Undergrad: 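Please find one structure pasted underneath; my questions will follow.
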Amino acid sequence: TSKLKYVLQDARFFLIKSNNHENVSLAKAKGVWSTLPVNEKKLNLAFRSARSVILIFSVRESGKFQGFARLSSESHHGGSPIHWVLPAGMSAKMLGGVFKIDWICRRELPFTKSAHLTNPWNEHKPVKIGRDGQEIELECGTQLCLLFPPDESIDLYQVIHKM
DNA sequence: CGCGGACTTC
Ligand code: NA
């Protein structure tokens, strides 16, 4: 776990929620993410101030996390648009810019296995509980990421070299 | 026309 623990050192952790599975699959295919405006600004600021920003993905009502990734850029505007599957009532403009992300683990973790972890930055609720963009305290986020199964096909060299 | 937008078994 040496490489993973190096990637997680002094990181800030944010829960990411998706209304659908398709956009998380697209994010896994293309290494990008978009979020709503308040979260977009929060993530840009965190990227500029923190050693690493870790996004922990969870599809709404799925009962699981779907993986985690490290932000490798601030959100970009004006480029070729990502063709997200738009939830009902959401527009393409609402998703704003596009972050580049490097996946660290693309395996699932069921909520049953994280039930012992509570988040002191969210009223000490189980870490599975949170809106999109909910920040997770350092120790809680680190232990949560360490619970995921190894992703045998990910090469962490690119992440580590960027850092 | 900009208009407010991706929690958890309640
Ligand atoms: Na997938």
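Below, each value reflects all heavy atoms present in this structure, side chains not excepted, and no hydrogens, waters or symmetry copies. Chain letters run A, B, ... following the sequence lines, proteins first, then strands; residues in each count from 1.
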Undergrad: Start with the C-alpha distance between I104(A) and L156(A), add both sets of side-chain angles, then the distance that settles side chain to side chain contact (heavy atoms under 4.5 Å, CB included), and finish with yes or no.
TA: CA-CA 7 Å; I104(A) 305 163; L156(A) 292 180; 4.0 Å; yes
Undergrad: What about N20(A): does its side chain form a donor-acceptor pair under 3.5 Å with the base of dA6(B)?
TA: no
Undergrad: Counting only non-hydrogen atoms, which of residues 112-129 of chain A are less than 4.0 Å from DNA chain B?
TA: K128(A), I129(A)
Undergrad: Round to a whole Å and report the spacing from NZ of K42(A) to P of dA6(B).
TA: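 So the two atoms are 13 Å apart, to the nearest Å.
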Undergrad: Just call it for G130(A): base, sugar-phosphate, or nothing, with non-hydrogen atoms closer than 4.0 Å on any strand.
TA: base
Undergrad: Strictly below 4.0 Å, heavy-atom distances to any atom of DNA chain B: list the hits from residues 131-144 of chain A, or just say none.
TA: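 Hits under 4.0 Å, by residue number: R131(A), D132(A).
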Undergrad: Is it true that the side chains of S25(A) and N23(A) contain a donor and an acceptor less than 3.5 Å apart?
TA: no
Undergrad: Over how many whole Å does the gap from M90(A) atom CE to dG5(B) atom P extend?
TA: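 Computing the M90(A):CE to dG5(B):P distance gives 11 Å.
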Undergrad: What is the distance, to the nearest angstrom, from the CG atom on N23(A) to the P atom on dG5(B)?
TA: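 Distance, rounded to whole Å: 18 Å.
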Undergrad: Would you please name every residue forming a ring pair (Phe, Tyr, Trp, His ring centres under 6.0 Å) with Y6(A), sequence neighbours left out?
TA: none
Undergrad: May I have the distance from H21(A) (atom NE2) to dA6(B) (atom P), rounded to whole angstrom?
TA: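 Interatomic distance, NE2 of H21(A) to P of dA6(B): 17 Å.
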Undergrad: Measure the CD-NE2 distance between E22(A) and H83(A) for me, rounded to the nearest 0.5 Å.
TA: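 Taking CD in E22(A) and NE2 in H83(A), the distance rounds to 16.0 Å.
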Undergrad: Apply the test side chain to side chain contact (heavy atoms under 4.5 Å, CB included) to residues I56(A) and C145(A): give CA-CA distance (whole Å), side-chain angles for both, the deciding distance (0.1 Å), then the verdict.
TA: CA-CA 8 Å; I56(A) 307 180; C145(A) 289; 3.9 Å; yes
Undergrad: For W84(A) and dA6(B), what is the distance between atoms CH2 and P respectively, to the nearest whole Å?
TA: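 Taking atom P of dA6(B) as the reference, CH2 of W84(A) is at 16 Å.
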Undergrad: For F65(A) and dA6(B), give me the distance from atom CZ to atom P, rounded to whole Å.
TA: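 Atom-to-atom, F65(A) to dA6(B), this comes out as 19 Å.
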Undergrad: Going by atom type alone, with no hydrogens or angles, which donor-acceptor pairs under 3.5 Å involve a side-chain atom of residues 123-133 of chain A and a protein atom two or more places apart or on another chain?
TA:
residue	atom	partner	partner atom	Å
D132(A)	OD1	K17(A)	N	3.0
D132(A)	OD2	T35(A)	OG1	3.0
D132(A)	OD2	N39(A)	ND2	2.8

Undergrad: Could you give the CG-to-P distance, from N19(A) to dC7(B), as a whole number of Å?
TA: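 Computing the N19(A):CG to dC7(B):P distance gives 7 Å.
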Undergrad: Quick one: are the ring centres of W33(A) and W84(A) less than 6.0 Å apart?
TA: yes
Undergrad: Partners of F13(A) by ring pair (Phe, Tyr, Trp, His ring centres under 6.0 Å), sequence neighbours excluded?
TA: none
Undergrad: Where does the sugar of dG4(B) land, north (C3'-endo side) or south (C2'-endo side), based on the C1'-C2'-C3'-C4' torsion?
TA: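 By the sign criterion, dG4(B) is south.
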Undergrad: Can you tell me how far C1' of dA6(B) sits from CG of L55(A), to the nearest Å?
TA: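 It works out to 13 Å between those atoms.
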Undergrad: Among residues at least two apart in sequence or on other chains, which ones pass ring pair (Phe, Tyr, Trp, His ring centres under 6.0 Å) with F148(A)?
TA: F68(A)
Undergrad: Kindly point out which of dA6(B), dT8(B), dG4(B) is positioned nearest to the side chain of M94(A)?
TA: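 Of all the options, the side chain of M94(A) is nearest to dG4(B).
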